[PDB]
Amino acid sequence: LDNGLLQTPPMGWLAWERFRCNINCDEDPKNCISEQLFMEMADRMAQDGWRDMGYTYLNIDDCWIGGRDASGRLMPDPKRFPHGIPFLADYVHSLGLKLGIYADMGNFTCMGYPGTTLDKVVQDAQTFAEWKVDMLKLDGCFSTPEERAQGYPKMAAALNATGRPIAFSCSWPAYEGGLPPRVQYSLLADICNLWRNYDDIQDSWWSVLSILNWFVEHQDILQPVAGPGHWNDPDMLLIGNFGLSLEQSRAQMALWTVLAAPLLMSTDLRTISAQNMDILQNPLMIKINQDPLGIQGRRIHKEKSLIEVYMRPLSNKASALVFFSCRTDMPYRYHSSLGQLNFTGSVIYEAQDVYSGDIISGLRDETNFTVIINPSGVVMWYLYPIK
């Protein structure tokens, strides 16, 4: 989408994965979907380094809507958002952050909240711009394929017409099977800043693997369509939550990074461990994700040993390599060479291990190297020519 926004993948925090549709503030005031939740996350993002590392978006997801007023305008739940959305945007903006919001192209949101139908698209867009929203995620429940075909372009146009730059996240392809000919990716690139290709991420390693598998199986189609202003979205980071081990958390970060994916957290930033914070705030990892070229990486190698190699091209002749173990036994000594991974010859390379910080020097194409990869884990290299 040519709106000047998201020249690199979006970074921030989204409420949905960790906090879902929890509206019981009387019993659970600390974790319910409320202005307090978002204000507290904003505080954390300002104070705990998140903003300084580039995590700038703070995104409301489903279950925020109170209803529609007399003139049909969307309003937040008065009991859970008493100061209103403009106050929340003001608060978020004052902390150097951006506010995202959520709507659904259809009769209702997935959770049954007032939906944005075709006749409400223009009005809701205007409402969001007036509230000074910076991002919108448009879900696609309770609609027909026809209504989506009309509606998603209609919202992209409506947001445009408001004059306010608003990042546009599109669930449309997820509800169509994510593949051509039903899905038209050239059109999605033109109308959206990012799109959810596939199934909702869940707090499990299985969920991560199934998303990876789908992106890899269809990478010939998916890889070329990503770039500055228009990204594939394999969904939220799980790091900080319940279902991923340490190795798996490091794997998701590394793999989302080489896929030029959004880095959208969804976790309790108030209680996140230092170890998980270290994964998410890794400066080299972020720099790689935010590479100005915006070229989505690919799986370039698979072996019977269940070691996979992913590669992403980066600016200044650099590369990201992710050696990924699908094994479930023990650390694996993976032997390879840059030549066997199709790198340019008569150039001496050097690598920095993204997690350990170690530097491997003197790698020619023919040089045999060994990486030790933990089960359901990764080794990640930032690779560059030295001479």
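We call the rigid core whatever largest set of C-alpha positions still superposes within 1.5 Å between the two forms. Throughout, we count residues from 1 along the sequence that is shown.
- Looking at 341-349 and 55-63, the one farther from the shown form in 6 other deposited structures of this protein by average CA distance, after a rigid core fit, turns out to be 341-349.
- As recorded in the PDB entry, 337-345 is the stretch of 337-345 and 357-365 with the greater mean C-alpha temperature factor.
- As listed in the deposited structure, the average C-alpha B-factor of 244-252 and of 194-202 is greater for 194-202.
- Highest CA B-factor among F81, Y91, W231, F215, as stated in the entry: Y91.
- Per the PDB entry, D26 shows the highest C-alpha temperature factor of the residues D43, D26, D329, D61.
- When all modelled residues of the chain are sorted by CA temperature factor, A70 is found within the highest third.
- In the deposited entry, the Cα temperature factor of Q184 sits in the top third of values across the chain's modelled residues.
- When all modelled residues of the chain are sorted by CA temperature factor, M380 is found within the lowest third.
- The PDB entry assigns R298 a C-alpha temperature factor belonging to the lowest third of its chain's modelled residues.
- When the CA B factors of the chain's modelled residues are split into thirds, the value for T116 lands in the highest one.
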